[PDB]
Amino acid sequence: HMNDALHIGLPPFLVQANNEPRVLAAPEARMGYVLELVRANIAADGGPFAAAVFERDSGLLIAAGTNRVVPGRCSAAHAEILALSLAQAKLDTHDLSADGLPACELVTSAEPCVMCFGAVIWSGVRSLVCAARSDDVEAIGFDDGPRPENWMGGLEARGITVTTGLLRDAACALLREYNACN
Amino acid sequence: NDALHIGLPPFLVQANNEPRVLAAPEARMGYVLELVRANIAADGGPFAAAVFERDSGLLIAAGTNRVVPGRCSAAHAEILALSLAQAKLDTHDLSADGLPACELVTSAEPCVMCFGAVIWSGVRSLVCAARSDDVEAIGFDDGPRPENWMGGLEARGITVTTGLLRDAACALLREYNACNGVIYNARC
Ligand SMILES: Nc1nc(O)c2[nH]nnc2n1
Ligand SMILES: [Zn+2]
Ligand SMILES: [Zn+2]
């Protein structure tokens with residue numbers, strides 16, 4: 001709580017993720033790093049979800065986010081919202097497709113909820129890469145909410161390419177561990 | 001570099017600091033539309049929202065669109081109002097045990113992002129002024145909201161009212177389009 005701002009603090013691992021230079025060229029290298037943030041997040045009292053904004057072609061890491069809903073007292077503090085918002089703050093624009101910016105990609109541990117679906121559309125990212133599916137997320141009692149018919153087509157029609165199931169099995173291993181062992 | 005930090009302009013800090021009780025829907029929405037006009041004057045978009053105690057009218061928090069000045073595409077009025085209400089009441093869930101029922105009063109029907117945010121927030125009531133068609137007829141974009149989003153909220157025990165002070169909300173959207181241009185116009 002602050003008089004004069006909405007302020008979501010980041011746990012140490014996530015401050016480090018957002019300030020340590022990191023270039024990950026391969027799609028699986030990007031998603032592997034996002035899954036490292038999942039496990040660090042769970043250890044830091046957060047939900048089993050992480051995402052990062054990368055420059056699409058180089059794989060330069062711009063920003064990372066994790067679920068901070070409960071410790072942050074903020075239902076909007078999904079991984080995707082934090083990653084997109086922190087990337088925008090770093091690049092000084094609400095619009096990651098502004099002229100001069102390199103094309104940006106959101107790499108996410110799970111397919112977005114209806115709120116984060118909207119956030120992706122507003123953000124200016126040109127690519128979304130997901131590991132776990134809505135079905136995998138719903139099957140451990142998280143709720144994607146009423147996502148419109150053909151949410152993938154909705155993103156694709158707006159110039160946002162969608163890839164799903166990348167390291168899904170590894171993402172499912174961490175989700176199942178969260179369900180059992182947490 | 002260690003936080004998501006969305007700064008609030010002074011008028012919005014003022015709005016979040018002063019105790020205020022507005023019983024009637026029209027009183028609540030009247031105050032939300034004052035914040036629309038103040039926000040336009042502070043380089044923001046023509047959108048504002050506030051969380052109230054549904055049954056007492058006590059204001060809990062207000063938000064405005066700070067997308068462009070705040071360099072944050074998530075900084076929609078609804079996201080700021082719901083999040084600031086959560087920070088103030090110290091919970092992610094505005095329906096947590098012991099909290100009064102909360103109401104989001106918004107200058108326009110929520111985009112698909114904000115629709116999802118309303119579902120997760122714990123508010124039990126949504127009250128809107130401008131319709132989605134009003135906002136999209138004047139060049140804005142609410143994005144692909146699911147079929148019967150109002151039915152979707154009502155089925156989750158979130159009551160929906162729309163069109164409240166729609167005429168004043170439309171007047172602000174139209175006055176904003178007029179002055180929304182690079183050529184200096186001292187009238188603005
Ligand atoms: N569906 C879903 N649910 C949550 O609680 C989340 N947190 N971060 N991304 C998220 N996605
Ligand atoms: Zn989400
Ligand atoms: Zn919105």
Side-chain angles (χ1 to χ4, degrees), chain A residues 8 14 34-35 37-38 41-42 44-52 64-72 74-85 94 106-123 128 130-132 134-137 139-147 151 171 174-175 178-179, chain B residues 4 44-49 63-67 72-83 92-93 104 106-122 126 128 130 132 135-136 140-145 149:
Chain A
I8 311 170
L14 185 53
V34 167
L35 299 187
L37 298 176
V38 173
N41 199 52
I42 293 160
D45 304 311
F49 299 101
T66 64
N67 175 301
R68 304 299 305 162
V69 167
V70 179
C74 183
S75 59
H78 288 198
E80 300 95 308
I81 305 294
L82 266 58
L84 292 165
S85 301
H94 81 271
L106 181 65
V107 181
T108 188
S109 71
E111 284 172 6
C113 77
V114 56
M115 176 181 69
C116 292
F117 163 78
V120 165
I121 295 173
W122 304 136
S123 71
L128 179 68
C130 313
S134 299
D135 281 19
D136 301 321
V137 162
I140 74 147
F142 288 92
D143 185 3
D144 287 330
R147 282 206 307 241
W151 73 267
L174 301 185
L175 285 171
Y178 176 77
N179 240 357
Chain B
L4 181 48
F47 304 90
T64 66
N65 181 300
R66 299 306 301 165
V67 168
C72 184
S73 58
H76 288 201
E78 303 97 300
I79 303 301
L80 269 67
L82 293 165
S83 297
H92 62 285
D93 176 12
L104 183 68
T106 184
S107 68
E109 288 175 0
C111 74
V112 60
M113 175 176 71
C114 293
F115 165 76
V118 161
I119 294 170
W120 305 142
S121 70
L126 180 64
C128 313
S132 183
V135 170
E136 289 190 333
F140 303 94
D141 183 12
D142 288 352
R145 264 176 299 235
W149 63 275

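A note on names: the letters A, B, ... follow the listed sequences, proteins ahead of strands, and every chain is numbered from 1. Below, each value reflects all heavy atoms present in this structure, side chains not excepted, and no hydrogens, waters or symmetry copies. Whatever order the structure lists ligands and atoms in, that order sets their numbers, starting from 1.
- The shortest N or O to N or O distance between A:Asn67 and ligand 1 is under 3.5 Å.
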Do B:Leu126 and B:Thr106 pass the side-chain contact (heavy atoms from CB on, under 4.5 Å) test, and can you show the C-alpha distance, the side-chain angles, and the key distance before you say yes or no?
CA-CA 8 Å; B:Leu126 180 64; B:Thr106 184; 3.9 Å; yes

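- Without hydrogens or angle criteria, A:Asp144 side chain to A:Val137 main chain gives no donor-acceptor distance under 3.5 Å.
- Listed by chain and number, the protein atoms of type N/O/S under 2.8 Å from the Zn ion (ligand 2) are A:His78 ND1, A:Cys113 SG, A:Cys116 SG; waters are omitted.
- Counting only heavy atoms from C-beta outward, the side chains of A:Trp122 and B:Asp141 approach each other to under 4.5 Å.
- Atoms of ligand 1 lying under 4.0 Å from any heavy atom of A:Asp143, numbered from 1 in the order shown and given with element: 1 (N).
- Between B:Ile79 and B:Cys114, the closest side-chain pair of non-hydrogen atoms falls below 4.5 Å.
- Considering only heavy atoms from C-beta on, B:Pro144 comes within 4.5 Å of A:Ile121 through its side chain.
- Checked against side-chain contact (heavy atoms from CB on, under 4.5 Å), A:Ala64 has the following partners two or more places apart in sequence or in another chain: A:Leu14, A:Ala17, A:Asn18, A:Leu37, A:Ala52.
- The atoms of ligand 1 that sit less than 4.0 Å from any heavy atom of A:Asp144 are 1 (N).
- Between B:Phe140 and B:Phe47, the ring-plane angle classifies as perpendicular under the 30° and 60° cut-offs.
- Side chains of A:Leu174 and A:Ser109 form no contact here, defined as non-hydrogen atoms less than 4.5 Å apart.
- With 3.5 Å as the limit, one finds a donor-acceptor pair spanning the side chains of A:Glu111 and A:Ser134.
- Listed by atom number, the atoms of ligand 1 under 4.0 Å from A:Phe142 heavy atoms are 5 (O).
- Heavy atoms of A:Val69 stay at 4.0 angstrom or farther from ligand 1.
- At least one N or O atom of A:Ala79 sits closer than 3.5 Å to an N or O atom of ligand 1.
- Heavy atoms of A:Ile81 come nearer than 4.0 angstrom to ligand 1 in no pair at all.
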